[PDB]
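*Asks:* sequence-free structure coming up:
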Ligand code: SF4
């Protein structure tokens, strides 16, 4: 349908700062990614599943070692066990 | 069309001289610009424009158009 | 049922520029699309309301500086529902790139533009208003209105839920039969939400109807 | 050492844009961040000073600040502030 022939051939920016700009969650409620009280961690996991820079997000999160929120489709203890493994 | 319009003679027919017309048009243009700038706020201050304008028209041109049309008055304080 | 509601919303005056931009982006994303034909991109937005199409065309012309056609021929073909379609062909690529549908010289953005999100509460409620104008319904089949508005893909629906949360108004995303929407069930949230969008007479009528029936 | 108007206007725009990003955060989060960094007054107060207003513990002030930094340091609210850095 309205796919623009996979981004088409009309582009003038020819400039990218980094993989932040390709983040899908930026098009989405930030609050849902930090479940307070008990919360849930599956809808935002589904959102991350379709992210095109999931690997980069996971790598950056692990390298900087944030212990809050859900990054790369994984929550805190998945990151912790991956770090410990 | 442009800086040429409206004709200067028609404007001068509505005032005393060029020197007063300059101040008159400039004051009206400042009023219009001030109205536009604070349009985001819900405010009752300044009024206009009183004519049909374009997407992005210089307030001075609108002021001159209203002056020519005869929709303004000048007093001495 | 909803015709009066959408008429009242369309007739609401708007002043702030950012909220107008957000409303235009929302309506274009929900009830709009792009087509690459003859080597150029053309934007087509289909509305089923009288004043809404004119409002969208005026907003485009004013803030984004573009011209539209406002054809009345029904794409459905019935010609009874007055399926208005507003078209933008001249500078379609510029409008698409500068309104948030496409960014980064890449694929169309599934969710709402990032500019609309992380904005003031006024822009969030304007985006919700545009979403309701584009698509939605007010059923009141049984005990609750089910103020449901459908969205393309989970991303737009959950973004609308997030925007509603910033208004301190409860909302719930749902998916059924492969199509997903956002709904709010309890009457209090329905009334507060409809009040915030700007409708007044419809809000009253709904209030008395609910209080008398319930 | 001459005030360049472009730089001054850029700093003013940065100052005005910073507050908006804090606005979307919860009341307590924005308040504690502002008091800790003294954006409103310019005096960075101690953790006990911040906790005195809300009555929460020192450790609570330590944690609440960390969650805000995690939220802002996310691929969901960074774009608005990436350019100014
Ligand atoms: S993987 Fe990272 S960048 Fe992608 S949507 Fe999830 S949190 Fe955002």
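*Replies:* Noted; the coordinates are in hand. Numbering: from 1, shown residues only, chains lettered A, B, ... in the order given.
*Asks:* what are the phi and psi angles of residue 15?
*Replies:* Picking chain A for this. In terms of degrees, to the nearest 10, the main-chain angles of residue A:15 are phi -160, psi 130.
*Asks:* sorry, should have said chain C
*Replies:* Per-residue torsions, residue C:15: phi -120, psi -50 (degrees, to the nearest 10).
*Asks:* Also residue D:40?
*Replies:* Torsion angles at residue D:40 (phi, psi; degrees, to the nearest 10) stand at phi -80, psi -30.
*Asks:* Report the separation between it and the ligand.
*Replies:* For residue D:40, the distance to the ligand (C-beta to the nearest ligand atom, to the nearest Å) stands at 31 Å. No exception for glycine: its C-beta is placed from N, CA and C like everyone else's.
*Asks:* Tell me which helix or strand the residue nearest to that residue when sequence neighbours are not counted sits in.
*Replies:* In this structure, residue D:40 finds its nearest non-sequential neighbour in residue D:34, 5.1 Å apart by C-beta to C-beta, 6 or more residues apart in numbering or on different chains. Residue D:34 belongs to helix D:27-37 when assigned by DSSP states H and E.
*Asks:* mind listing what's buried in that helix?
*Replies:* D:29-33, D:35-36 (16 or more other C-beta atoms under 10 Å in any protein chain shown).
*Asks:* right, and the helix or strand after it?
*Replies:* Counting by DSSP H and E, the element after helix D:27-37 in chain order, helix or strand, is helix D:47-54.
*Asks:* Show me the contact partners of that following helix.
*Replies:* D:28, D:31-32, D:35-36, D:57-58, D:60-62 (C-beta atoms under 8 Å, 6 or more residues apart in numbering or on different chains).
*Asks:* circling back: the residue nearest to residue D:40 and chain C: what is the separation?
*Replies:* As judged by C-beta to the nearest C-beta, to the nearest Å, residue D:34 and chain C stand 18 Å apart.
*Asks:* Then residue B:38?
*Replies:* Where chain C is concerned, residue B:38 sits at a distance of 10 Å (C-beta to the nearest C-beta).
*Asks:* Same check on residue D:76?
*Replies:* When residue D:76 is compared with chain C (using C-beta to the nearest C-beta), they lie 8 Å apart.
*Asks:* wait, is residue C:41 part of a helix?
*Replies:* No. Secondary structure of residue C:41 (DSSP: H, G, I helix; E, B strand; the rest coil): strand, not part of a helix.
*Asks:* on that earlier part again, dump the contacts of helix D:47-54 to TSV, plus distance to chain B.
*Replies:* Output for the contacts of helix D:47-54, formatted as TSV (distance: C-beta to the nearest C-beta, whole Å):
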residue	distance to chain B
D:28	29
D:31	26
D:32	30
D:35	29
D:36	32
D:57	42
D:58	42
D:60	39
D:61	37
D:62	40
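*Asks:* give the contact list for the closest residue to chain A within chain C.
*Replies:* Of all residues in chain C, residue C:162 sits closest to chain A, at 2.4 Å by C-beta to the nearest C-beta. By C-beta under 8 Å, 6+ apart, the residues touching residue C:162 are A:28-32, C:117.
*Asks:* From these, pick the one nearest residue B:45.
*Replies:* The closest of those to residue B:45 turns out to be residue C:117 (C-beta to C-beta; 33.2 Å).
*Asks:* Tell me how far that closest one lies from residue C:54.
*Replies:* Residue C:117 sits at a distance of 27 Å from residue C:54 (criterion: C-beta to C-beta, to the nearest Å).
*Asks:* Between those two, which has more neighbouring residues?
*Replies:* The neighbour count for residue C:117 versus residue C:54, taken as other C-beta atoms under 10 Å in any protein chain shown, is higher for residue C:117 (25 against 16).
*Asks:* That one sits in which helix or strand?
*Replies:* Using DSSP H and E, residue C:117 sits in no helix or strand.
*Asks:* Now do the same contact list for it.
*Replies:* Contact analysis of residue C:117 by C-beta under 8 Å, 6+ apart lists A:26-29, C:111, C:159, C:162-163.
*Asks:* residue closest to the middle of chain B?
*Replies:* The centroid of chain B falls nearest to residue B:63 when counting by C-alpha atoms, centre = their mean (1.5 Å).
*Asks:* Isn't that residue up against residue B:32?
*Replies:* Yes. Assessed by C-beta atoms under 8 Å, residue B:63 is found in contact with residue B:32 at 6.1 Å.
*Asks:* ok, back up a step: then the residue nearest to the centre of chain B would be within a helix, right?
*Replies:* Yes. Under three-state DSSP, residue B:63 falls within a helix.
*Asks:* So is the top helix by length along chain A next to chain C?
*Replies:* Longest helix in chain A by number of residues (criterion: DSSP state H): helix A:54-64. No. On the criterion C-beta under 8 Å from any C-beta of the partner chain, helix A:54-64 is out of touch with chain C, staying 14.9 Å away.
*Asks:* which is the next helix or strand following that helix?
*Replies:* Heading C-terminal from helix A:54-64, the first helix or strand you meet, by DSSP H and E, is helix A:76-84.
*Asks:* Centroid-nearest residue for chain C?
*Replies:* Mean-position check on chain C, C-alpha atoms, centre = their mean. Result residue C:131 at 2.1 Å.
*Asks:* tell me which of the contacts of residue C:117 is nearest to chain D?
*Replies:* Taking the contacts of residue C:117 together and measuring to chain D by C-beta to the nearest C-beta, the closest member is residue A:26, at 5.2 Å.
*Asks:* Looking at chain C, which residue is nearest chain B?
*Replies:* Closest approach between chain C and chain B, counting by C-beta to the nearest C-beta: residue C:16, at 4.4 Å.
*Asks:* What is the burial count for the closest residue to that residue other than its chain neighbours?
*Replies:* In space, residue C:16 comes closest to residue B:40 once its chain neighbours are excluded; the distance is 4.4 Å by C-beta to C-beta, 6+ apart. Using other C-beta under 10 Å, residue B:40 is surrounded by 13 other residues.
*Asks:* What separation do you get for residue B:40 and residue C:18?
*Replies:* According to C-beta to C-beta, residue B:40 and residue C:18 sit 8 Å apart.
*Asks:* what's the answer for residue A:8, then?
*Replies:* Relative to residue C:18, residue A:8 is positioned 28 Å away (C-beta to C-beta).
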